[PDB]
Structures are given as C-alpha cells and as structure tokens.
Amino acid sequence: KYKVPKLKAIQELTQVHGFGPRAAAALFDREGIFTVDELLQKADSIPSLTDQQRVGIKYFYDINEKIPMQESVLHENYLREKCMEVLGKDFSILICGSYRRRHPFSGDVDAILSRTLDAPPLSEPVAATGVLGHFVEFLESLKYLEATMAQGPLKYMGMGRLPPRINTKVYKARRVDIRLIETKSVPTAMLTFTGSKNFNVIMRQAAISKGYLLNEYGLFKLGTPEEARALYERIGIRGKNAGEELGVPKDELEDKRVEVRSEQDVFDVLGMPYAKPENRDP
C-alpha cells in the first residue's frame, strides 16, 4: 500500500467485491481463473466462495454502475424518511462520501446514523441497543435493502434499491453503507466518511505530528510518541483498534478527548486551514 500472468489475473479478479490478492491467487491456482467473466461464469460451481463474495459477483454489474448525484438525493431523502418512521425524532441520517464532496457521480451511498443533539442521553453505547439492526430490518421489509455483504452492531454494508417511480422507472441496486455513530462522534465521523481517503490520511498525519489520535470517534490528545505508546500498550488491540469498543473509547482514551462540535473545530485544533467537503480531493 505504501509502494502504491498470475499477477494480471489478480489485478482483474480484485475488481470483484470480496476478493483480495489472496482469494484471487487461489482462484488462479486452484480454479485456473484468469478473468472476471470466467469467475462470473464459474461462481456457482466453486463451493468455497463466501456468501459476501457471492453477493459481489451476483451484483457485479450494479456495483460498477455509478450513482448520479440526483439519485443520491433520492437515497438521502428516502433514508431520512424511513429513519423518522421506524426510529423517530431521536435519530438522524446524513449521507457523506464523494456525494457530500459534491462529485457528479459516486460509487455508493455512505450514511451515518446517529442520535440528535436533543435526544435523551443513554447509559449504554448506542450500538448495544440493537438500533442498526432494527433499522436494517425495516429497510429490508420495504425491499429497499435486498442483499447483505456484512453487518455488525456498528456497520452495515449491502445493496439498496429505490422503489420504482411512476411510465415506471426501475432503479439499479446500489452499494449502501450505514454506520451507527455516537452523538459526540458525529463531526469526526463526518470528516472520516466524507474523505477523501487521501484527505483523511493527511489529516491523521497532521494529528500524529501534534501528538493527537484522530479517528471517526473523536480527536484525542495523547502527548509524546512514548506517552502514546505507553497508552497503546494498555488499551490498544493489535489487529483491531487503538482502544474503542462498540464505538465508544475505553475510559483511558476517553480521558484524552478534545470535544468538538464541528468539522471546523478539528481543523482548528490541528492548525489546518478549513477545507469545504468539495475541496477535500487532494
């Protein structure tokens, strides 16, 4: 990632959702598959593919159809309406991603679900109440969500299709991600999930250089690299994260939180000039 026959096949096959270099090489080696179209053709007869991979394959065409800005507006409205219906006024939905950066086309619908600033406090992480699952099930019963790639208490990834509009128009299925985020974490999650990816990396490096940890959950003042390392020793998890569980920082990391109300707060604390979403494509 830093530097950035069998190789060319890997380059082909990793276009498919669920397939990385490892699954690709196994397709090549075990199955003798060189191209996407061979994989599409053989998929059903390779018993070892995951359910998620089978979704990536079955929806290959849809996934690679870009979403026009105007359809994203409809997805946003729809998600907000359904959120209001089944979750009520305590909850809100915001669509981020390249759409919020105002690109004419996007590759998916990237949503944040969170409690409003006015909602009563909870005594538990919001992801422990099972609200993401309730919301997902609601959207499935409506046939908006029609296939799941992966779902946990914090994050849903799947396929969503707007219902037909009346001549009648049938919509394409679209990649939909939904993340359940604590209220105080909204501005940092908006930053993260609006991106771009390179933008986030640059800002996280700026945070590191000033002795902060920046992630979607918050901005945390760590101090020296050694104080940071000492902290990571205590609560940091090798292949997982710096110390959150169910979207809530562990106490010792929470103690380091610098509260923010807005994206602007984060730029300011890091000594960076504000950039509007549409100017976050470095």
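Numbering starts at 1 and follows the sequence shown.
Unmodelled stretch separating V4 from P5: 10 or more residues (count of deposited-sequence residues without coordinates). Taking the PDB entry as given, 239 to 247 carries the higher mean Cα B factor of the two stretches 214 to 222 and 239 to 247. The PDB entry records a higher mean C-alpha B factor for 27 to 35 than for its counterpart among 57 to 65 and 27 to 35. Taking the PDB entry at face value, the top CA B factor among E182, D108, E140, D118 belongs to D118. Placement of the Cα temperature factor of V73 within the chain: middle third of the modelled residues, per the deposited record. When the CA B factors of the chain's modelled residues are split into thirds, the value for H17 lands in the middle one. Remark: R165 belongs to the highest third of its chain, ranked by C-alpha B-factor as recorded. Compared with the other modelled residues of the chain, the Cα B-factor recorded for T192 ranks in the lowest third.
Per the deposited record, the Cα B-factor of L94 falls in the highest third when ranked against the other modelled residues of its chain.
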